[PDB]
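Before any comments, here is the structure.
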Amino acid sequence: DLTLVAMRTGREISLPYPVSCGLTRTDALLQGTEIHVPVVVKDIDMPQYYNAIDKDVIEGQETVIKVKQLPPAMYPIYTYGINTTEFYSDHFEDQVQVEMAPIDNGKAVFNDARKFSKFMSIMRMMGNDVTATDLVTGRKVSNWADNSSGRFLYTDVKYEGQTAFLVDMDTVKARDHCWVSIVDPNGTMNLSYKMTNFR
Amino acid sequence: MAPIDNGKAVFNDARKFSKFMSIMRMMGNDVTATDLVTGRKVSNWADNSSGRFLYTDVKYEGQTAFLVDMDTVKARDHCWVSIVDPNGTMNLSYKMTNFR
Amino acid sequence: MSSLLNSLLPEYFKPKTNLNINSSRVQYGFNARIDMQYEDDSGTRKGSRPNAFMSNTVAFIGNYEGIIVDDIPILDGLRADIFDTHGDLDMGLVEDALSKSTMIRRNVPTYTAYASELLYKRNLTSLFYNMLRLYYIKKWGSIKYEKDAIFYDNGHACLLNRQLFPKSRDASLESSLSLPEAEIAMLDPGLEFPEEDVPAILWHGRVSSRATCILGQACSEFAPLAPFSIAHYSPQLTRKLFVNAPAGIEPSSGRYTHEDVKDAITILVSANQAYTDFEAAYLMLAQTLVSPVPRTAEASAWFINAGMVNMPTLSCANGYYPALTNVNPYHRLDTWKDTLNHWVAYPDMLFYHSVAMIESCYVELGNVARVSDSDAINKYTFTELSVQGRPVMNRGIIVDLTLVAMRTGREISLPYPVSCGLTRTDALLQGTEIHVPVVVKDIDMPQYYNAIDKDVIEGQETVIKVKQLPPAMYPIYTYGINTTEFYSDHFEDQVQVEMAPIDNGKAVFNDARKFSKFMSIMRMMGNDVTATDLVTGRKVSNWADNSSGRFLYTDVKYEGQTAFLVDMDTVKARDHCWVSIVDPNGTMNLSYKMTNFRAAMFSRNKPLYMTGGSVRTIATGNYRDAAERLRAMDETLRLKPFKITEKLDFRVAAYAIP
Amino acid sequence: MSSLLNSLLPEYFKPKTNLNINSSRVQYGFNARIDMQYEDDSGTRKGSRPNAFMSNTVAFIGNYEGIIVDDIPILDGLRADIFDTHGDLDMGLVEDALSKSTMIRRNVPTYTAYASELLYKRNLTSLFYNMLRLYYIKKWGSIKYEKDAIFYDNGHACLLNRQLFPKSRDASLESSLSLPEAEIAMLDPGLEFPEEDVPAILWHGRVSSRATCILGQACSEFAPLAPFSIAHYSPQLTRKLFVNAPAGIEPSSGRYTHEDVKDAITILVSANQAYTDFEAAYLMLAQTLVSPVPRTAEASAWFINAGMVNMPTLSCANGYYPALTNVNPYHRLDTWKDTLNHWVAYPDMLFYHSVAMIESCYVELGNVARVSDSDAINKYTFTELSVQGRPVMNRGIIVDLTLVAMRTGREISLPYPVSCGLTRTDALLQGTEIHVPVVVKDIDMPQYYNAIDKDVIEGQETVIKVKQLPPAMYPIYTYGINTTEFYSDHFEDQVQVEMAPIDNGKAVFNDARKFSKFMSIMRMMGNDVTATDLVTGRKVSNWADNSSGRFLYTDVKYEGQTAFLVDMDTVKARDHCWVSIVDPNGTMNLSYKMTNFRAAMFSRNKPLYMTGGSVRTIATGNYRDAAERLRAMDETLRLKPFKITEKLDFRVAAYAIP
């Protein structure tokens, strides 16, 4: 636990005695096997999003989700922009440039995985419900997959494969309050934000 | 060359897809790919008269990703250069002489 | 040792990750372009072979037997403090190391006494060997062995799988073995006296239901039905195996996927710090995995008698004393985790490393067999002069790695002098003619082969005599890295020979070297010439091997001195380029160039294509944060190469120190 | 002393830790390449044996009998304060030391009075000796002894195990002894007056359940059934043994392994500070671990009567005076812990140290038996002039160490002049005829051997009269380090036999020296020569051994005038790899050359290989440099970080060191 803190802050932690007592967290990681978490369903269109065991499930049924790679359990908040990585993208200033031509009728394909993550994340700050669909596999991902942080990490796809995300920009829905509207875009889009003060 | 997973190679970029099918045509390999957005089959052997591949043979303005069928690569016209299984970075250098 | 066997592959070839093997036979070669130029007294002629396929054939069939022997301990993974200023294990410091890392100090005198006896016999190489074999049985578990199939087939003679492998039946690879399960018990912490002749191993967290079944079957006896390379007979490793797991082990499931065996190996190595033990097992499997299909019928003499695989005894004392294994392990080389990191990333790459190793051994044994038994370096005393360490016995891997050094001409070095694996030089080290059993296909068989019965009928089972062992394989991957006169595997070469006077329709070739050069030219032009050996009275043919398009002098099948009567009237035209002429006149000059190499693999008379992505390099430098190279070149194994010095005889080979 | 016995081993010999002995007979030796030559007026005939095996057979049987004798006290261990300037117990500082301690005040005056007698009872050599024998009995317990087995056989004469060892039943070494346990009582600290004639020892913490069983059996009578060397007859050391352990003595377990005996020794030496006592016990066992199988039939005279082992009486008064032993002991030599530290690390090395000592002794007693009594340094007075100390009696280890000093040609130094162990020079000093029994095979025996009967039918039990004792072992480990002309153990040697054509093969050797070299070199060449003495009329054969393959002059079995007729048309070729003497004419010149040496061991007519780690030369400095180091790295858990680095893919993470 102390060696993980040393990696986060980026400093040298020193104790007087090399004592080895307390909780061990790295248990499910080192096993390197599939884990079967139980879930009770609410809607009927669940198993498209989550990697479920059943393909058709009536509401109020107890199902199982197959988790292979462990997603992050917490988002950095106290350690925000002290040792920044491009995965979490916990910057004060950030921008993304999605390049579209008028010949394309709103439909954009993200060949790159990095800028797809930043587009889907900044659109959620702006209070827009985007629903992308993978062209190779045929699954779907939604940027609204959290009600705490309000960011989109790439591990919300729940699948490691080839990157071909079709996003249709005439099915974008305004969900939250205090939001900027994308009524009908034409040409190159440039999104950007700035965090100024903290309380 | 894109990684061949089962018997299919995903070409996400547009420029790389144009260069790939342009090489395989000069070697003389009738390759058939599936456009993932539309769901229609493209073929590099569209025009027989002029022995070249233009990107307009896809017949879809806009952005897409192609799933190339690497198992069903037919051998129409074979010179000694002609290979079926590409591996890594493909280099083709040709010279045209003796016009009449 | 990944970096060693990876170097053997040719510079042009870089193989992809996956390879879907779906048969018990794989051809491997290259498609080269030959530009021949002919000149004689009549005039000049220029041609060009546009596509020429030179290939060997390798199979998954080889009769092997396991023996449990006592070998050296691998002292890698133990904490660095117990070792003194030199590279030696001091029992004075083991007492201190165990004392400081406990509150209960009553048990220190007892713990030290048992530890001193067990540390000098620690070896997990035999356990990883069986775990690796279980991985490949599950992965390639759809390969069929038919009993009434062909082994070698030329046209005159034939060998079936009934012969060479009696006591065999028709079975798939998954159907070959029905392994039992050894008792995987839990070591409760509190037991004071380690039970003797039972090893104890560490584990990360809870032992999975699937991990139990793998460890149970890995320790059990292997009893095959069909002869397979990766299912050979092995004795029982242990009866019990303790596992010091804080969380209790689960009962055995019964079934497991090939993916589950990877998870079992990755945990077992990481916990025990047994990285060098894995490197030994990796090299040990590279020898066994594949076996050569013989070039000619005489080259079946190698694979009659069952070669012995020396499996080290399974012992480990990490479970009892987990204080000795800590966060600061002792290692001799800084590149000591490369072999595992290579396998876990690219499992199917072992096939290419195995083909590269067995080729290098069986090519160089072609030369060692021809060495006269009245020189400094001969078949008996070639290993002993080469090695510069202190192993238990010059057996197993030491013999194989000595032949790789002689091939490549570079100094090979391992951290520990391990003597574990297959010994090939058994048929070689005996002054006796070997009786290869064969089947007669054509009535004129006794004229070609040295048969017992001089009159035969199509269908009869006879026996042929082999005195000197011919080469089993031709150089393909190791083509032109160092060229001997025997093989003549040049890129560019100018062959010059003087044609003998054609009296009636026959040309007498009294000299041995001139005869070899003549038939070598006529083969490259593509003329099937047949000559009569005057001493024996048997017919030789340059078209002996179709796969590799070259002529070796061992195709005559007569050690000693002779004169050949070549039939110049009956020169058939099998393959004709524009260079190809039938009537040579005076001094024959042939100058050829080989360009445009490209690797190709065939399986079941169709092209076998490589799948997956491109292999990115994984490799660690000589230093991580180490200041001074403390040489420590006393215990490390070193193998010195020998260079072949050609002499006038041509039939005899001779080695010298470079 | 591990140091002096280590130097006796050859330079080419590189020993390993473990040696898996599974029999009661070992043929230790070396493989050498002999280049023999026979020059003559007609021409030269060259030979070459690439692997020539020169061996000395060593067994685990030998009749010995222990007797309890009075020996000097060993004062190493006691605190350095009580000693004066000269180095003897200054009584007055003892009374001062006891007064300023944690002793009961009413016991001080009565205990101080006894000190004058009890403090000079310090000799634990007998206890350590018995505890070392228990270690090797349980380790090599599976070795067998058959009653009707062949002790010696040379074709003509045979000597069975029934002949030398009557009252002998066939049994395994483990099943030989049935040791009864002596009482191990706890010393009451509040005892009125110390009980002399009852030894009291110290212990660290609690006496374990197994330590009671080991100490109980160590201080008991050895009454064996089979005549084994490490299970010979010993009297009862003591009836009762006190142990000053505040933590109570647990009752006897009954069973124990060989590892538990090492635990018992290491606690006993550390508590009592008795390292010099252990060094004496190590050298004692080195003599009487293995006995040599006789080279010739008439060399069995050494092992007819049982040689007495001198075990010093068990006497220790540390239990009564705990204050006088502390962490600052008095020692003469600085390297006083080296012998124990060597044994704890490498227990099985004692086998090599044992054969080195007996081979050194029995070689020198060979060429000591061939000196006339009328001389300065002779049979009786070779020990007195060599010894420059003050031992009680010239017996035990003093006689064996002085013979080693003569062999190697160096000065052997011990800290205390202790006189305990086996005495070998018994049959020599008697100077009388010895009557060895023999069972005959052929009917023409009594011409060769000096037998009691002149006509004896096959299968009869006869007697041979041995007057002068022949050498029991040939020098092998000490080959060409201190060469004498008797053994003729040179690397290069030649002999010139001068004959004229007028003589029809018959040569008479007037000289005795060159007759020995001719007969010896002819046996290397594999030729069976049979000479006949002209004066007496007896016969000698060069083939009188199947181990070394040399001819010593003591094989004549008679001292007289030298006139040996050898007929050189009755020479028969016996062995393989031999040069032929078909028909010689003129002067003969024989010669050989030994070039290289490789250590080899045989057991049950199979190769015995050394396994385990590489044995080093342990020095006092190699451990105490790690004490100087102390691991001075302040024991503070400093965790260093890793900065994550992003690259093209971004899906997978990569950590850097800085």
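Lettering and numbering for the structure tokens are positional, with chains as A, B, ... in the shown order, residues counted from 1 in each chain, and ligands counted from 1 in the shown order.
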Based on DSSP run over this structure's backbone, return all residues of segment 494-635 of chain D in strand (DSSP E), as a VMD selection string. chain D and resid 494 to 497 506 to 509 527 to 528 530 to 533 539 to 541 564 to 567 572 to 573 588 to 603 606 to 607 611 to 614
Just need the residues of chain D within 10 Å of chain A, counting only C-alpha atoms, so spit them out as an MDAnalysis selection string. chainID D and resid 634:653 655 658
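Near residue 72 of chain A, within 10 Å and counting only C-alpha atoms, sit residues 88, 153, 155 and 156 of chain A; same-chain residues fewer than 5 positions away were not included.
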Selection export as a short mmCIF file (atom, residue, chain, number, x, y, z; two decimals), in the first residue's frame, atoms kept: N, CA, C and O atoms:
data_model
loop_
_atom_site.label_atom_id
_atom_site.label_comp_id
_atom_site.auth_asym_id
_atom_site.auth_seq_id
_atom_site.Cartn_x
_atom_site.Cartn_y
_atom_site.Cartn_z
N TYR A 88 -6.44 9.00 -17.27
CA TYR A 88 -7.46 9.71 -16.45
C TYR A 88 -7.77 11.08 -17.07
O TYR A 88 -8.95 11.49 -17.03
N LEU A 153 -13.87 7.27 -18.78
CA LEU A 153 -12.62 6.47 -18.93
C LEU A 153 -12.84 5.43 -20.03
O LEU A 153 -14.00 5.00 -20.22
N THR A 155 -12.05 2.33 -20.19
CA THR A 155 -12.39 1.00 -19.63
C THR A 155 -13.91 0.79 -19.53
O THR A 155 -14.32 -0.33 -19.16
N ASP A 156 -14.72 1.82 -19.84
CA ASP A 156 -16.21 1.75 -19.87
C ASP A 156 -16.71 1.05 -21.15
O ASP A 156 -17.93 0.80 -21.22
#
I want to know what sits within 12 Å of residue 302 of chain C, based on only C-alpha atoms, with residues of the same chain fewer than 2 positions away left out; could you give that as JSON, numbers by chain? {"C": [62, 63, 164, 291, 292, 293, 294, 295, 296, 297, 298, 299, 300, 304, 305, 306, 307, 362, 365, 366, 369, 423, 424, 425, 426, 427, 428, 429, 430, 433, 434, 435, 436, 466, 467, 468, 469, 470, 471, 472, 473]}
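Cα RMSD between chain C and chain D, computed after least-squares fitting of the latter onto the former across all residues in order: 14.3 Å.
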Expressed in Å to a single decimal, how great is the separation between atom CA of residue 271 of chain C and atom CA of residue 337 of chain C? 13.6 Å
Compute the chain C side of the contact with chain B at 8 Å, counting only C-alpha atoms, and hand it back as a PyMOL selection string. chain C and resi 16+50-51+609+611-614
Taking N, CA and C atoms for each residue, export the selection above as an mmCIF file, in the first residue's frame.
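The resulting file, again_0.cif, is reproduced below:
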data_model
loop_
_atom_site.group_PDB
_atom_site.id
_atom_site.type_symbol
_atom_site.label_atom_id
_atom_site.label_comp_id
_atom_site.auth_asym_id
_atom_site.auth_seq_id
_atom_site.Cartn_x
_atom_site.Cartn_y
_atom_site.Cartn_z
ATOM 1 N N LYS C 16 5.500 -14.124 -37.502
ATOM 2 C CA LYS C 16 4.358 -13.499 -36.774
ATOM 3 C C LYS C 16 4.023 -14.347 -35.538
ATOM 4 N N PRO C 50 13.683 -19.217 -62.331
ATOM 5 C CA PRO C 50 12.948 -18.100 -61.729
ATOM 6 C C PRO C 50 12.440 -18.375 -60.303
ATOM 7 N N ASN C 51 12.023 -19.615 -60.017
ATOM 8 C CA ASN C 51 11.471 -20.045 -58.704
ATOM 9 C C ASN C 51 11.961 -21.466 -58.390
ATOM 10 N N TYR C 609 -0.212 -20.611 -43.725
ATOM 11 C CA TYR C 609 -0.014 -19.145 -43.564
ATOM 12 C C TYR C 609 0.044 -18.785 -42.074
ATOM 13 N N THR C 611 -0.655 -16.313 -38.947
ATOM 14 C CA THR C 611 -1.757 -15.398 -38.537
ATOM 15 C C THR C 611 -1.261 -14.490 -37.403
ATOM 16 N N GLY C 612 -2.113 -13.570 -36.939
ATOM 17 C CA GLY C 612 -1.814 -12.624 -35.844
ATOM 18 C C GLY C 612 -1.044 -11.407 -36.332
ATOM 19 N N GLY C 613 -0.511 -10.612 -35.396
ATOM 20 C CA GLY C 613 0.247 -9.374 -35.669
ATOM 21 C C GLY C 613 1.740 -9.633 -35.799
ATOM 22 N N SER C 614 2.538 -8.562 -35.846
ATOM 23 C CA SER C 614 4.022 -8.591 -35.952
ATOM 24 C C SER C 614 4.639 -8.649 -34.548
#
Do me a favour and pick out the residues of chain C within 10 Å of chain D, using only C-alpha atoms, as a ChimeraX atom specification. /C:69-75,81-86,88-93,105-106,108-117,119-122,193,196,390-393,624-625,635
Output for the residues just chosen: N, CA and C atoms as a CSV table (one decimal), in the first residue's frame:
chain,number,residue,atom,x,y,z
C,69,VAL,N,17.2,-38.3,-12.6
C,69,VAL,CA,18.6,-38.3,-12.2
C,69,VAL,C,18.8,-37.1,-11.3
C,70,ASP,N,19.9,-37.1,-10.5
C,70,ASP,CA,20.3,-36.0,-9.6
C,70,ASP,C,21.3,-35.0,-10.3
C,71,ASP,N,21.0,-33.7,-10.3
C,71,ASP,CA,21.7,-32.7,-11.0
C,71,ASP,C,22.1,-31.6,-10.0
C,72,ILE,N,22.8,-30.5,-10.5
C,72,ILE,CA,23.3,-29.4,-9.6
C,72,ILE,C,22.1,-28.6,-9.2
C,73,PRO,N,22.2,-27.8,-8.0
C,73,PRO,CA,21.2,-26.9,-7.6
C,73,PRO,C,21.3,-25.5,-8.3
C,74,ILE,N,20.2,-24.9,-8.7
C,74,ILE,CA,20.1,-23.6,-9.3
C,74,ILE,C,19.9,-22.6,-8.1
C,75,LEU,N,20.9,-21.8,-7.7
C,75,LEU,CA,20.9,-20.9,-6.6
C,75,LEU,C,20.5,-19.5,-7.1
C,81,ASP,N,21.7,-11.6,0.9
C,81,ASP,CA,22.4,-11.4,2.1
C,81,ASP,C,23.1,-12.7,2.6
C,82,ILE,N,22.4,-13.8,2.4
C,82,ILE,CA,23.0,-15.2,2.8
C,82,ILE,C,24.3,-15.5,2.0
C,83,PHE,N,24.4,-15.0,0.8
C,83,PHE,CA,25.6,-15.1,0.0
C,83,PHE,C,26.7,-14.1,0.5
C,84,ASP,N,28.0,-14.6,0.6
C,84,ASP,CA,29.1,-13.8,1.1
C,84,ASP,C,29.6,-12.8,0.0
C,85,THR,N,30.8,-12.3,0.1
C,85,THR,CA,31.5,-11.4,-0.8
C,85,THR,C,31.7,-12.0,-2.2
C,86,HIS,N,32.1,-13.3,-2.2
C,86,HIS,CA,32.1,-14.2,-3.4
C,86,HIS,C,30.8,-14.8,-3.7
C,88,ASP,N,29.2,-17.7,-3.2
C,88,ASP,CA,29.2,-18.9,-2.4
C,88,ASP,C,28.1,-18.8,-1.3
C,89,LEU,N,27.4,-19.9,-1.0
C,89,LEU,CA,26.3,-19.9,0.0
C,89,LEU,C,26.9,-20.3,1.3
C,90,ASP,N,27.0,-19.4,2.2
C,90,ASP,CA,27.6,-19.5,3.6
C,90,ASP,C,26.4,-19.9,4.6
C,91,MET,N,26.6,-21.0,5.4
C,91,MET,CA,25.6,-21.4,6.4
C,91,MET,C,25.7,-20.6,7.7
C,92,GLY,N,26.8,-19.8,7.9
C,92,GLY,CA,27.0,-18.8,8.9
C,92,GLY,C,26.0,-17.7,8.8
C,93,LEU,N,25.6,-17.3,7.6
C,93,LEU,CA,24.7,-16.2,7.3
C,93,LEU,C,23.2,-16.6,7.2
C,105,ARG,N,12.3,-17.7,18.6
C,105,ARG,CA,13.8,-18.0,18.3
C,105,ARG,C,14.2,-19.4,18.9
C,106,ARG,N,13.3,-20.2,19.4
C,106,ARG,CA,13.5,-21.6,19.8
C,106,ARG,C,13.8,-22.5,18.6
C,108,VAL,N,15.3,-21.8,15.7
C,108,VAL,CA,16.4,-21.4,14.8
C,108,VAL,C,17.4,-22.5,14.6
C,109,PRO,N,17.9,-23.2,15.7
C,109,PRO,CA,18.8,-24.3,15.6
C,109,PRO,C,18.4,-25.4,14.8
C,110,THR,N,17.1,-25.8,14.9
C,110,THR,CA,16.4,-26.9,14.1
C,110,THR,C,16.3,-26.5,12.6
C,111,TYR,N,15.8,-25.3,12.4
C,111,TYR,CA,15.5,-24.7,11.0
C,111,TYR,C,16.8,-24.7,10.2
C,112,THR,N,17.9,-24.3,10.8
C,112,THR,CA,19.3,-24.2,10.2
C,112,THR,C,19.8,-25.5,9.7
C,113,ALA,N,19.6,-26.6,10.5
C,113,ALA,CA,20.1,-27.9,10.3
C,113,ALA,C,19.5,-28.6,9.1
C,114,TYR,N,18.1,-28.4,8.9
C,114,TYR,CA,17.3,-29.0,7.8
C,114,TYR,C,17.6,-28.1,6.5
C,115,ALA,N,17.7,-26.8,6.6
C,115,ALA,CA,17.9,-25.9,5.5
C,115,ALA,C,19.2,-26.2,4.8
C,116,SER,N,20.3,-26.5,5.6
C,116,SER,CA,21.7,-26.8,5.1
C,116,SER,C,21.7,-28.0,4.2
C,117,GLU,N,20.8,-29.0,4.4
C,117,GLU,CA,20.7,-30.3,3.7
C,117,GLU,C,19.9,-30.1,2.4
C,119,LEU,N,18.9,-27.0,0.7
C,119,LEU,CA,19.3,-25.8,-0.2
C,119,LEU,C,20.2,-26.3,-1.4
C,120,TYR,N,21.0,-27.3,-1.1
C,120,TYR,CA,22.0,-27.9,-2.1
C,120,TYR,C,21.3,-28.9,-3.1
C,121,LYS,N,20.0,-29.1,-2.9
C,121,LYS,CA,19.2,-29.9,-3.9
C,121,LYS,C,17.8,-29.1,-4.1
C,122,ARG,N,17.8,-28.0,-4.8
C,122,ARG,CA,16.6,-27.3,-5.2
C,122,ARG,C,16.6,-27.2,-6.8
C,193,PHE,N,9.1,-30.1,11.8
C,193,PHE,CA,10.0,-31.0,11.0
C,193,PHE,C,9.5,-31.2,9.6
C,196,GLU,N,10.4,-35.6,4.8
C,196,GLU,CA,11.4,-35.9,3.8
C,196,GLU,C,10.8,-36.4,2.4
C,390,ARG,N,32.1,-27.0,-15.1
C,390,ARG,CA,32.2,-28.2,-14.2
C,390,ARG,C,30.8,-28.8,-14.0
C,391,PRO,N,30.2,-29.4,-15.1
C,391,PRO,CA,28.9,-30.1,-14.9
C,391,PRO,C,29.1,-31.5,-14.2
C,392,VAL,N,28.0,-32.1,-13.9
C,392,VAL,CA,28.0,-33.5,-13.3
C,392,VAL,C,28.5,-34.5,-14.4
C,393,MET,N,28.0,-34.4,-15.6
C,393,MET,CA,28.3,-35.3,-16.7
C,393,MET,C,28.1,-34.6,-18.1
C,624,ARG,N,21.0,-2.8,-15.3
C,624,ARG,CA,19.8,-2.1,-14.8
C,624,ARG,C,20.3,-0.8,-14.0
C,625,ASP,N,20.9,-1.0,-12.9
C,625,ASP,CA,21.6,0.0,-12.1
C,625,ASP,C,22.8,-0.6,-11.4
C,635,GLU,N,32.1,-20.5,-12.3
C,635,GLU,CA,31.0,-21.5,-12.2
C,635,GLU,C,30.2,-21.5,-13.6
Kindly determine which residues of chain A lie within 9 Å of chain B, considering only C-alpha atoms, and give the answer as an NGL selection string. :A and (100-101 or 103-105 or 107-111 or 135-136 or 162-164 or 166)
